[PDB]
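Take a look at the structure below.
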Amino acid sequence: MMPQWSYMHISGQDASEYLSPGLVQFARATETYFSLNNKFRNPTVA
Amino acid sequence: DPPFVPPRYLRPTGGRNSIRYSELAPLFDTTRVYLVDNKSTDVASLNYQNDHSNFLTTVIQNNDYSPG
Amino acid sequence: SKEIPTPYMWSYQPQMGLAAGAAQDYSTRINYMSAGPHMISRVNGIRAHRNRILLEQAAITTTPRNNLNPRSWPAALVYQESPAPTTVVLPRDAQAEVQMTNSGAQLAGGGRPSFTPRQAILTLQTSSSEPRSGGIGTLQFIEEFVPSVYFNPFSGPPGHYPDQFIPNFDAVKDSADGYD
Amino acid sequence: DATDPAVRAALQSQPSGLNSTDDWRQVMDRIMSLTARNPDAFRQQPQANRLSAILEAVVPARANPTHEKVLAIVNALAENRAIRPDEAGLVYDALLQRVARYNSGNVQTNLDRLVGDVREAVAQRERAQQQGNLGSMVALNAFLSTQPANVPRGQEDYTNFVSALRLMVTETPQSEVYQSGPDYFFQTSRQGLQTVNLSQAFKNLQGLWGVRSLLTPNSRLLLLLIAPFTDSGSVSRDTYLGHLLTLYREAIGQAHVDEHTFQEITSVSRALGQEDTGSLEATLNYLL
Amino acid sequence: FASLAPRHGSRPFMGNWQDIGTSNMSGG
Amino acid sequence: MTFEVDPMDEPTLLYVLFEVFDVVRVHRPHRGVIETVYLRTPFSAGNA
């Protein structure tokens, strides 16, 4: 909506979408022993 | 015609002759296993109520471990 | 970020003559966190017009190669000094001075002799015996290694990523180097 | 032969000389002096070297092929990336232990069938690398199942574009397509840049095939990569996608002759005598 | 990235795709 | 292994769990026939 909210991930795409798709596959495989999930912000939009 | 020299293969180590023990090399047929009442004292926690008629002895006889 | 990325600028190593490793151009970034859509859209068209220049500069100037930042550049692909051959005018006639001296004349000082019309000229190869290979210089690091605009970064399966951006990565080991 | 797992097993297990078992005919040509080069090199040996080769010839010694049959299998597992090169001694003793527990006439024949099977499987992988098509055609045709086969406008431009899309992955063995989550991608080389997003490009080009500031820069990256595989009659002339595909073919051809112009101008600017800093900047500003 | 994942059987035990980021705030 | 413990005025023991793979595979090929194969490792004992 606003280019500064999409940059700071107030709105826009979730972490499955704006991150590099290899980092999503890395965090999906190493999740049980090295969690990268809380390092990235998911926008929830009403 | 060169002479046919056939390959010299080895018998299977885990073959039908094999009296195989886990912690050592597989022996082959006609070994001896010993059931002596002296080593039933080496494991004395099994037989507190056992004479030399009925007793629980050991067979393994590997000197690395212990009497028991 | 994926559509209009920041270019990976290469770090040179003047000793090995190879590129150390490329990091993104973080130090030339332009700050539009206080701009609006009338000017964020104008700066993003400048981020993208720069990335079109770098793909155009790499298509002109960079040598086409399979492995990005190789570890031994061939001798046919390295700029090599090819000077003109050295023309040496030899000063003295050797066998015409061993006949003046054997006759009793003492020669001292120094055609160039008054007693010899002969003049020898020697032409020698100036360049090396073997062409040099292995590492490019500063000027060939400028021509090659144009900053890599890496669209849709790290989208592939592992092993198909640019690992030669990383300054620890041996290409012929396929592993990152350590302290020993 | 340098990538043959049984030629490499002969360079690691078989002797580098002429024994009378693996090379019986080549040593009988030398014992019986019927060799072309140096026939009399066997008469000039001591009796310890000369009689010990005659005895190994008239009654040769048997040998075990088992360490040579297994080492051809291990050196093919290490070549088709099935094991690590550090595991090449671990799985060699693991396979020698298994063919020692279970040794038979069946197994030694079955190892002889399997060392001819891994010669084929090493060569079949190295043919499939230089062809570079099987991993990409099954994943680009899997992409095109998702995309619709009938656009409303400009179907003539759309069905020739996706046929030229099959021409990149066929006529470039390094290029590949895959999936990572929802979208599919296309790398122009292994471990290289210029990765386009196929699911984002074909949801951008959909609605632009018959139109005759609005393109995402990965769609323009796709129209740059598809340009040398597109004829002038594959797409239209007035269509905005067809107008750019001709414009990107001229941009590749100009960047191909500005590459050769760069190698001429900088060559005659060093010999004429200029600043090497400014010869390389004034040339690009003349070419860009 | 199946070489980084533990193997339940012979399949890699991967997480979910959309479980990458956080979204929690003080009531939102 | 070398442990160091606090001194106690009593004969005490040391209960070390060497964690192994103590695995049974039960095979019942015929009616009324049950035949198991045991295997544990590293402290090796069983039919396998």
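Residue names in the structure tokens use chain letters A, B, ... in the order shown, residue numbers from 1 in each chain, and ligand numbers from 1 in the order shown.
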- Item | Neighbour list for residue 56 of chain B as a PyMOL selection string, cut-off 8 Å, only C-alpha atoms, skip fewer than 4 positions in-chain | chain B and resi 40+46-47+50
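Residues within 9 Å of segment 9-13 of chain C, counting only C-alpha atoms and excluding same-chain residues fewer than 5 positions away, are residues 18, 19, 20, 21, 22, 23, 24, 25, 138, 141, 145, 146, 147, 148, 149, 165 and 167 of chain C.
Coordinates place atom CA of residue 32 of chain D at a distance of 14.9 Å from atom CA of residue 49 of chain D.
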For residue 41 of chain A, list every protein, DNA or RNA residue within 9 Å, evaluated using only C-alpha atoms, and leave out those in the same chain fewer than 5 positions away; present the list as a compact mmCIF listing (two decimals) with N, CA and C atoms, in the first residue's frame.
```
# COMPACT_ATOMS: atom_id res chain seq x y z
N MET A 8 9.32 -2.19 5.49
CA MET A 8 9.43 -2.57 6.89
C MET A 8 8.50 -3.72 7.27
N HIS A 9 7.72 -4.21 6.31
CA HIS A 9 6.82 -5.37 6.46
C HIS A 9 5.74 -5.11 7.52
N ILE A 10 5.21 -3.89 7.50
CA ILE A 10 3.94 -3.62 8.15
C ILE A 10 2.80 -4.19 7.32
N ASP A 14 4.26 -12.06 3.20
CA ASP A 14 4.75 -12.78 4.36
C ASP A 14 6.15 -13.32 4.09
N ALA A 15 6.77 -13.87 5.15
CA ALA A 15 8.17 -14.30 5.08
C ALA A 15 8.39 -15.48 4.15
N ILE E 20 7.74 -19.28 8.70
CA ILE E 20 9.08 -18.71 8.63
C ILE E 20 9.20 -17.45 9.48
N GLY E 21 8.18 -16.59 9.46
CA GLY E 21 8.23 -15.33 10.16
C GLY E 21 7.34 -15.33 11.39
N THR E 22 7.52 -14.30 12.20
CA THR E 22 6.70 -14.07 13.37
C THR E 22 5.70 -12.97 13.07
N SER E 23 4.61 -12.96 13.83
CA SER E 23 3.59 -11.95 13.64
C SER E 23 2.97 -11.44 14.93
N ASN E 24 3.49 -11.81 16.10
CA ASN E 24 2.82 -11.48 17.35
C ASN E 24 3.16 -10.07 17.80
```
For this session: Could you please tell me, as a PyMOL selection string, which residues of chain A have an atom within 8 Å of chain E when using only C-alpha atoms?
Result: chain A and resi 14-16+24-31+36-44
Enumerate, in order of chain and increasing residue number, the residues of chain B with an atom no farther than 12 Å from chain F, each with its shortest atom pair and distance in Å to one decimal, counting only C-alpha atoms, as a tab-separated table.
```
residue	atom	partner	partner_atom	distance
B:20	CA	F:48	CA	10.8
B:21	CA	F:45	CA	9.9
B:22	CA	F:44	CA	6.8
B:23	CA	F:44	CA	7.8
B:24	CA	F:44	CA	11.5
B:60	CA	F:45	CA	11.8
B:65	CA	F:43	CA	11.7
```
